[PDB]
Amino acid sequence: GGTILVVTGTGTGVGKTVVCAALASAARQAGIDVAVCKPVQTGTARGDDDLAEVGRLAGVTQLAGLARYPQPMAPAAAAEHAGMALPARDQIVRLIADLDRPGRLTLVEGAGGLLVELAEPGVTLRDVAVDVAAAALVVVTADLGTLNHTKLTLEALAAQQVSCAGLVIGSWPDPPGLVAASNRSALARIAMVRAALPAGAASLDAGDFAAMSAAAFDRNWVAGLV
């Protein structure tokens, strides 16, 4: 059908959701129909709803999820705290495949890092990304330690023949700092860096956001995702 990208990250709180929303905006503005699948969502007591933040920030309406867990833990932990299983792997891949269609960028968002359990039994976002012939975008920080997490994540993909559509620095500080400029350049030798989102971007109104996302990415790479 169309193009299916999983948006993973080297960890929690590296900015997967804001980057998701940002690539989603950029894609829309390039005239691409965007869907966003978020199979499992946790932290729903705190008020977390990444599907909502993407609809709010980038205007996506095709916004698909299966399970919502109140506790702010990895899925498995929050499902065990609820007394409730996790969606089956079948539900996720079938959901994502229904979602996919030609001319549609379907973004697939996981929870935490690449190898966290999403479905039972023991299924990760890496597995889901295999079952739907999806490539992976990797959201990374600029903090001390990010190259190792990146290489680990980049290796865990290659080990399953999951393509790496590249990195995004979820949060770019102002001003950078020695460690941030150094990592940004070192990340660049490791893989193609597609964008570095200015810090605090997740609090912008939908207009400001669409500007930042318009600029942050590269017009040609975006448009060439058809």
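Whichever C-alpha set is largest while still superposing within 1.5 Å between the two forms counts as the rigid core. In this text, residue numbers run from 1 along the sequence as written.
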| task | May I ask which stretch, 113-121 or 126-134, sits farther from the shown form in 8 other deposited structures of this protein once every structure is superposed on the core, judging by RMS CA distance? | result | 113-121
| remark: Once average C-alpha B-factors are taken from the entry for 115-123 and 138-146, the winner is 115-123
| query | Mean CA B-factor: is it higher for 28-36 or for 173-181? | reply | 173-181
| said: Given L107, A82, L154, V132, identify the residue with the highest C-alpha B factor in the PDB entry. | reply: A82
| said: Based on the deposited C-alpha B factors for this chain, I'd like to know if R189 is in the lowest, middle or highest third. | reply: highest
| request: Using the B-factor values recorded in the entry, state whether the Cα atom of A74 falls in the lowest, middle or highest third among the modelled residues of its chain. | output: lowest
| field | Where the record places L5 (Cα B-factor, split into thirds across the chain) | value | middle
| query | Looking at the C-alpha B-factor of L86, is it in the lowest, middle or highest third of its chain? | reply | middle
| Mind checking which third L167 falls in for C-alpha B-factor across the chain? | lowest
